[PDB]
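The primary structure of each chain is shown beneath.
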Amino acid sequence: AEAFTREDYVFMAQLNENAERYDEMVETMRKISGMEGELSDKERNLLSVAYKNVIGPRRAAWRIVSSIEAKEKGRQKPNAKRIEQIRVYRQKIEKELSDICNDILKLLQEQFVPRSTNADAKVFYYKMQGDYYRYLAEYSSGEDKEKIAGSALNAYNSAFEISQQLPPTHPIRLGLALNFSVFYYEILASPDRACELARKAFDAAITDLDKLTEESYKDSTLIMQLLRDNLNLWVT
Amino acid sequence: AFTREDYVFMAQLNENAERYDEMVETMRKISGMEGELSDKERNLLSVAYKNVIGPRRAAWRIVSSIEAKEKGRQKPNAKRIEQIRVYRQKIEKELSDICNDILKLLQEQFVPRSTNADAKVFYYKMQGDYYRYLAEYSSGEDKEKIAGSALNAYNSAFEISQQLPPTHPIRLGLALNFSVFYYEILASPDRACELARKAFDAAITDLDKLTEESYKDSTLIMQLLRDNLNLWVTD
C-alpha cells in the first residue's frame with residue numbers, strides 16, 4: 001500500500017550527517033543521484049557536505065604522511081626501507097584520494113551537468129567539478145598534473161561565466177571566487193590573476209554590503225564603503 | 001624481510017595518519033608474531049581498538065536521542081522509526097564485530113600467554129571494557145549473560161591490581177571503568193561510590209610520589225583538605 005519516497009532518502013542523508021558516518025552518506029546520495037530530476041537547494045547542499053567530509057579527513061592525513069616522508073629524506077642517514085614504508089602507504093592514500101574524485105566527477109559529467117536547467121544550479125555543479133579536479137592536481141606531477149589542471153580550468157571558467165548573472169553577494173558566487181583564487185595561487189602558479197580576481201570580487205561584495213546588512217546599520221555600511229573608496233582612490 | 005620494528009612504526013604511522021581500521025590489521029599481525037606483547041605494544045593495542053569503537057559509540061547515543069524524539073512526537077512517523085531501526089541494527093552489527101574480534105583474541109591468545117602481573121591487569125581490564133560495550137545495547141536475558149562475563153573479568157583484574165601501587169595508571173584506569181560498570185550497567189550506585197572513593201582516598205595518600213619537589217607543600221594541603229572532607233561528611 002505504501003512505498004519509500006524521495007523525502008525518506010533525504011532524511012537518511014540527514015541522519016548520516018547527524019551520526020557522522022559519511023561513507024554511508026555517499027551511498028545514500030548515489031541512490032538519489034540515480035533518480036531522475038533536478039536536486040533541491042537542500043539536496044545539493046547534502047551532496048556537497050557528504051563528499052567533502054570523506055575527502056577532508058584523507059587530505060588532512062596526506063599532509064601528515066608526506067611530512068614524515070620529507071623528514072626521513074632530510075635525515076643525515078636516511079633509511080630507504082622506512083622511506084619505502086611511508087612511500088607505499090602514501091600511494092595507498094593517493095589511490096583512495098583518486099577514487100573519491102573518480103566517483104564524483106563521473107557522476108558530475110554523466111548525470112548532474114547534462115540534466116541541469118537552473119542558472120544557480122549550473123554554477124554549483126561546475127564549482128564542485130573544479131574543486132575535485134583541483135584535489136587531484138595537489139599530488140599529481142609532470143604531464144599528469146597539466147592534463148588534470150587543464151580540465152579543471154575549463155570547469156572554473158564555465159562556472160565564472162554563468163555566475164555573472166547571479167548577485168555579487170551570493171554564497172555560491174563568493175564560494176567560487178575563493179576557490180578560483182586558491183586554484184591560481186596553489187596549483188596554476190599565477191599570483192597576478194589570483195590577487196586580481198579576489199580583489200574584484202571583494203570590491204563587488206562591499207558595494208552590495210548594504211543588501212547584506214539591516215537598515216539600522218546602513219550608515220556604518222556607507223562609512224565602510226567610503227573607507228574602501230578611499231583605498232581604491234589611493235595606489236593608482 | 002619484514003620484522004617487528006617495521007610493523008611497530010606502521011602501527012605508529014596509522015595513529016599519526018588517524019587511520020584506525022588499518023591499525024587493527026597491523027596489530028593482529030604483531031599478535032601473530034612470537035612472544036608476548038610489550039608495554040609499548042600493549043599501549044598501541046588499546047589506542048587502536050578504542051578509536052574504532054569510539055565513533056560507533058558516539059554515533060549510537062546521537063541516533064538513540066533522535067529515536068527517542070521520533071517515538072515521543074505529537075505526529076509520530078512509523079516509516080521513519082523503521083528506517084532508524086534498520087540503521088541502528090547495522091551499527092549494532094558493527095559494534096558486535098569489533099568486540100567479537102578483540103574478546104576472542106583476548107580469551108584465546110592474550111590472557112593464556114600472559115606471564116607478567118603488570119600485563120595481566122591490562123588484559124582483564126580490556127576484557128571488562130569491551131564486554132561492557134556489548135551490554136550497552138543488549139536487552140533482556142542476553143544483557144544478563146554478557147554482563148556475567150564482564151563481572152568475572154573485572155573481578156579477576158581487581159585481585160592482581162592490589163599488588164600494584166595505588167597511583168598506577170592501570171590501577172586507576174581499572175577503578176574508573178569498574179565504577180562506571182556498576183552505575184551504568186549493573187545499576188548499583190552505592191557500590192560505584194564505594195570503589196571509586198577507595199581508589200581516590202588511596203591516590204591522595206600517595207599523591208606526594210606524583211607531585212614534584214617544588215610543589216610538595218601544595219600536596220600536603222591537598223591531603224589535609226581531603227582528610228578534612230572525609231571527616232566532615234560524617235555527622
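What counts as what
- Residues numbered from 1 in each chain as written, not as in the entry; some residues may be left out.
- Chains lettered and ligands numbered in written order.
- Heavy atoms only, no water.
- UniProt positions renumbered as here; feature names shortened; annotations may be inferred.
- Helix = DSSP H or I, 4+ residues; strand = E, 2+ residues; numbered from the N terminus.
- Buried < 20%, exposed > 50% of the residue type's maximum accessible area, 1.4 Å probe, protein only.
- Contact = heavy atoms within 4.5 Å.
- Areas by Shrake-Rupley, 256 points an atom, 1.4 Å probe, with all protein chains shown as cover.
- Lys, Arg positive; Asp, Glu negative; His and termini not counted.
- Charge placed at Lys NZ, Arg CZ, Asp CG, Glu CD.
- Salt bridge = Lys/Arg side-chain N within 4 Å of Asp/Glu carboxyl O.

For this deposited structure, the header cites X-ray crystallography as the method used and 4.0000 Å as the resolution.

As annotated in the PDB entry, chain B carries the name 14-3-3 protein and is attributed to Giardia intestinalis. This entry carries the title "The crystal structure of polyglycilated 14-3-3 protein from Giardia intestinalis". What UniProt states about chain B under its Sequence similarities (unreviewed entry) heading is, verbatim, "Belongs to the 14-3-3 family."

Looking at the PDB entry, one finds chain A named 14-3-3 protein, with Giardia intestinalis as its source organism.

Asker: Describe the overall build of chain A, and please don't skip the residues or the numbers.
Answerer: Along chain A, the regular secondary structure elements total 10 helices and zero strands. In chain A, the succession of helices and strands from N to C terminus is α-α-α-α-α-α-α-α-α-α. In terms of its C-alpha atoms, chain A occupies a principal-axis envelope of roughly 70 × 65 × 30 Å. Taken over 236 residues, chain A has a buried fraction of 42%. Looking at chain A alone, contacts between residues at least 24 apart form 63% of all its contacts between residues at least 6 apart. Summed over all atoms, the accessible surface of chain A reaches about 14200 Å², with 52% contributed by carbon and sulfur. Each charge class in chain A can be summarised by its mean position, and for the 34 positive and 37 negative side chains these summaries are 8 Å apart.

Asker: Go over the pattern of salt bridges with me, naming the residues and quoting the values.
Answerer: Applying the stated rule across the entire model yields 40 salt bridges over all chains. A salt bridge links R73 of chain B to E70 of chain B, with the nearest nitrogen and oxygen atoms 3.0 Å apart. We classify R73 of chain B as partly exposed; its relative accessible area is 40%. A relative accessible area of 6% places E70 of chain B in the buried class. The structure contains a network of salt bridges with shared partners spanning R21 and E24 of chain A together with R56, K90 and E94 of chain B.

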